[PDB]
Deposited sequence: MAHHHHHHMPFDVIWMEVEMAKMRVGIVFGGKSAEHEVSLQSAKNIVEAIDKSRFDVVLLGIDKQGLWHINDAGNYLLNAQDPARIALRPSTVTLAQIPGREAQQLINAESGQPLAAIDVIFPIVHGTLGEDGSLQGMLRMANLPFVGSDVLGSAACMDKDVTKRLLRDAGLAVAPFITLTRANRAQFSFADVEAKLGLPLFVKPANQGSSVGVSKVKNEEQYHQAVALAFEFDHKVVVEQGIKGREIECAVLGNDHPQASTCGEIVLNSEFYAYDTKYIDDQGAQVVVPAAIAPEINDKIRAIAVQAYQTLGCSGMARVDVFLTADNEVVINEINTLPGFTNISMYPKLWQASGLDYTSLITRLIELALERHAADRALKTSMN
């Protein structure tokens, strides 16, 4: 009766240990009357490690030493299979069946649609946003353009590409955006610099081009840093808002008036729909002194530790952590059923 949930975690990013913590907390809290779990760890070189819930961590209690436990099984996926899709690569024998994947692998590949694309090739249902929603939210330039087109507020900006970058001087950028500026790679908070003068500008742009082929240069926004948790597929719902306050403290709920809370929540939901998210996302905004709401980022893989903003916000809104995990799995399976019902030709 139980579904087997494969939790895919870790990854090559600097957020590898956060992902381990997320996986640990999910394993600890998931409803065991409804779900069995299997742990699919990605080490820091990209390789996958399948383990049971009792032998996937090393030094699981101390955070400064927590680490993926190696697997003795190399796993492979057979693209195009509809069942028995995962096999022991060396023996060819199928692994125990996985009904749904819960991916919590931060950064490139894990959060940019590549992992979702591979899971789709293997016909594996999965939690969270699909290929397009993941890829688009990962690219801050594309996200900002879609949000702007929807009439939602974003920080005024210039996106530098390899093709266009030589057309701009610092004088052009300052003329359009003022000072200070924020410079960030479109796809990555690595490479983000605050810029007050020409020398810092050149160093920041050069730096960001070491991490991505596109660089977003933004007007600096004066505002509080508010975050909102969104949950759902076709009928998404927003949590209460939280705030990030320098000690940096996660403040739940944010100390804002209810009308402003609801205004941000409605904008979060609109943003979520504009970007085609599914399952979950965390929307990060700036709240200016005039209560203008400026959207900074839509994160399709929020942190999932017991202390992370996304679960804390749902807890503050009446949805406990165990129930949140169950809902995310139900949403994944609902979306998979809806997709598989679509027709392919006449």
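Gaps between the deposited sequence and the modelled structure occur at positions 1-20, 209-210, 270-284, 384.
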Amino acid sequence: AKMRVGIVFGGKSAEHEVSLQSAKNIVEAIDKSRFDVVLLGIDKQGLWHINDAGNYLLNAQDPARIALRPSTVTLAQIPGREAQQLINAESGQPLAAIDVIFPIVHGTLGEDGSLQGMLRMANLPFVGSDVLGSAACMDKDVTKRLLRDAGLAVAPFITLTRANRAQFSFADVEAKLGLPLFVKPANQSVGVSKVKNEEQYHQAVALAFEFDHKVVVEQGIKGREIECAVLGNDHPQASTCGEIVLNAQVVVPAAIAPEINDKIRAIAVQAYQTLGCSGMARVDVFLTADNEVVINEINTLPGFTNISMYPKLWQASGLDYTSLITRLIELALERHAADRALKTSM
From here on, numbers count along this sequence of modelled residues.
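If you average the C-alpha B-factors over 63-71 and over 308-316, the higher value belongs to 63-71. Taking the PDB entry as given, 92-100 carries the higher mean Cα B factor of the two stretches 144-152 and 92-100. Residues shown: 273, 247, 237, 219. Highest C-alpha temperature factor in the entry: 247. Within the group 332, 20, 325, 338, the record's highest C-alpha temperature factor is found at 20. Looking at the C-alpha B-factors along this chain, the one for residue 195 belongs to the middle third.
The deposited CA B-factor of residue 285 belongs to the lowest third of values across its chain. Annotation for residue 301: CA B-factor lies in the middle third of the chain's modelled residues.
Remark: residue 111 belongs to the highest third of its chain, ranked by C-alpha B-factor as recorded. For residue 207, the recorded CA temperature factor ranks within the middle third of the chain's modelled residues.
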